[PDB]
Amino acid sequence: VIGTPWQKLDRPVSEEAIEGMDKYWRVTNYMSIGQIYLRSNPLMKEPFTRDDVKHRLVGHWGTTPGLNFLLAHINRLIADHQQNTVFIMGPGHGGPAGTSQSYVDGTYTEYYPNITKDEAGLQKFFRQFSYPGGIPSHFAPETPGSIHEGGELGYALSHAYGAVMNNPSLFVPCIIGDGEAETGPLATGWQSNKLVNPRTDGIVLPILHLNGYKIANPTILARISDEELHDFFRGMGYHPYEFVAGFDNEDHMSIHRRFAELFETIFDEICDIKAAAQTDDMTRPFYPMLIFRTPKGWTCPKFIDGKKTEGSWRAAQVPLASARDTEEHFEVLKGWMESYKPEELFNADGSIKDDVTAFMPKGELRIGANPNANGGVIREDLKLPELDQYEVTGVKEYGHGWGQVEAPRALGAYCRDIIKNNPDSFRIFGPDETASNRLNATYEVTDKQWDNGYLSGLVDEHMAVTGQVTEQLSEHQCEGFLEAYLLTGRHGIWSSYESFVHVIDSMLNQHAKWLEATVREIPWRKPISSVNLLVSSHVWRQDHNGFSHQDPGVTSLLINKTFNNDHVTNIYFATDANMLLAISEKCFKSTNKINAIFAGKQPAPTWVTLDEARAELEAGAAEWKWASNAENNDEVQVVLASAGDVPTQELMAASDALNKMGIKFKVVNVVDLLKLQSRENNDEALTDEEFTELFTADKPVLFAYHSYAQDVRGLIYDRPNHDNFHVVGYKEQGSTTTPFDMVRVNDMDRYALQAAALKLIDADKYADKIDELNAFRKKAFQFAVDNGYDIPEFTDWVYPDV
């Protein structure tokens, strides 16, 4: 247990804590300005001149003094209540507030021993901010205390709420930009309080950093009427409190006492909510939220060159852009830095005085040191059930190509038992698609958690105020909740219709970048569980829907995060249920990855045994010798290669037909796509030798690919024999139609694959046969048109091994 969760003070905040909070705010403002502006002389020792100012002034002043003020008060809170706390910095461009926090709390020097607590350390701390060889502009993963960089705005609330799930002792003050609040993802993030339980989960305190402005405009929320603003948050299930400061001549000490008293009223209400939830965990309470209204750039010069700067969008970037070049800007900078009175905050040796930090939390309650903000320190391996009990044994008993299994159902049973064995640290998310993607065997041991109104057992099924499945019709919520759940040391999976995974492409990009920086240069940030995404209900079999639901292209986005041997991205095609089981065990064991797991949910053949899936998954691509009819590679007339359940089914039917014509070929299945890249681009890929063995040194290769052919073509560009690959992929053809028609219009159906194989072998010799196959595809189509179902010869085909 960290600290003493949810305890009220029952006395006023002491005047000593108020004095320490004002010193914190002044020292973090001073050091934030130092980080932005100063390359040397951090204490302004004589002579302090323009030569000490950075040659390239980059940064974001405006948000920062508001964050520094909140962080003083959140530190004071944590210390007085001993409260287990992780904050979210929505405006992650306020990086200096986050580095200054860690430097003040001591974690920065503990993690970065060269940045010492004295004048030499402080000089280095100032220069290194946003500087070549130094540290990023934003609250990056290399900053102690960060689980959210806040570079691409909008995910503050999904991350805050995902962090408190199954984390009942954890308090998350979530600082949200008022511009950020204009984004789609942030706007829906407010509603997460209908999806957490106040007994079994922790508590988020949203703090709207209502500083009036974004970069070059006011914000929507700052300029609507106060009555609209309050109705808005009340309508979303909060009790809104509002603090206003900095717009008049109120002295800073008074402002701190008034905020502290407010923040104690807010926390007391949170503690009341927490105590009440021990007895009534079914009534959803109105959680406090804080509207925090202060001037953007607070404490910087009010006017610069006749332009209003404090209390304006003009405070957003770097005030005094000429500070190095003109004595006029330099004099203003010097007076600004002096207004914090650093001679009271730093000892002569340049260490921050003890009376600045006596009010601060200590040990693991510190914001930089809490293990929830470095969740791999808390993470434990899942207690996984034995895989073999889930195997589809139909392949062993009856043959390769057996049955009509809906593949994700085996993964559902496996997830069900993972939740059973790990009852509060593995969650499932779905955007109203858990049952649709066939993972609902999980409801046998848990419920979808819903903390909002109930009506009737006639309609509410598998739903309770507490449970380990979460659904909301928002891919952004599912992805954001899951990410923070991983970042605080837990585990899980979500599922999406494949075309809609694109809604969160940009979130996958940011989490891949978090992983990239981490695996490369932050070894103190320990490994977290991987994002596991079941990409299902795919392009080939969106039977109730149509062309809007046909876009397998997240493959292509993911290929853009496969560099430097980071190995943070995996693209897997689950050929069948036994392959899916093998991939899933692997993904549930992995760490520091995004794993995109493609599987169809339609009734489909099972191709491999579980033991075979395990070996094949390891290699990445494998010959299926029981399906090949060639003796060796020299005999092979064409390589039949596929990735995806549907391309594989169609290739296999083509192979059966090609066999019967006396054509010689081998069958290669591809599961782990990026293992096709060269060793030069991927040091864990197939060697050229293994690749050549699979795909031959010079026979034609027909490659039936689940997604866009572009992907495979770009990936094998420097491989031996790549000029002989013919890649067939999805090509933006399709509608609401039968399963044969969908493969037909993309040249993916078995008859077109048989034709393409013939064309690659001898176009002249097989001209007639190619024609007959093309004519058969027309006939099968006319049959679907006239009759309303696909031709039996198509649908009724079973691989001859069965």
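Don't overthink the numbering: it's just position in the shown sequence, from 1.
Visitor: Given the B-factors recorded for C-alpha atoms, which segment has the greater mean, 315 to 323 or 165 to 173?
Guide: Comparing 165 to 173 with 315 to 323, the higher mean C-alpha B-factor belongs to 315 to 323.
Visitor: On mean C-alpha B-factor from the PDB entry, just flag whether 238 to 246 or 643 to 651 is the higher one.
Guide: On average, C-alpha B-factors are higher across 643 to 651.
Visitor: For the C-alpha B-factor as written in the entry, point me to the maximum among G620, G95, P144, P218.
Guide: Each of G620, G95, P144, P218 was compared by C-alpha B-factor; the highest is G620.
Visitor: Which has the highest CA B-factor per the PDB entry: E498, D268, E471, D656?
Guide: That would be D656, according to the entry.
Visitor: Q83's Cα B-factor: lowest, middle or highest third of the chain?
Guide: Lowest third of the chain for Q83's C-alpha B-factor.
Visitor: Hey, what third does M253 fall into on Cα B-factor, ranked over its chain?
Guide: It falls in the middle third of the chain.
Visitor: Lowest, middle or highest third of the chain for the C-alpha temperature factor of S192?
Guide: Its C-alpha B-factor belongs to the lowest third of this chain's values.
Visitor: Lowest, middle or highest third of the chain for the C-alpha temperature factor of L186?
Guide: Ranked within chain, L186 CA B lands in the lowest tercile.
Visitor: Sorting by Cα B-factor within the chain, modelled residues only, which third would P47 end up in: lowest, middle or highest?
Guide: Highest third of the chain for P47's C-alpha B-factor.
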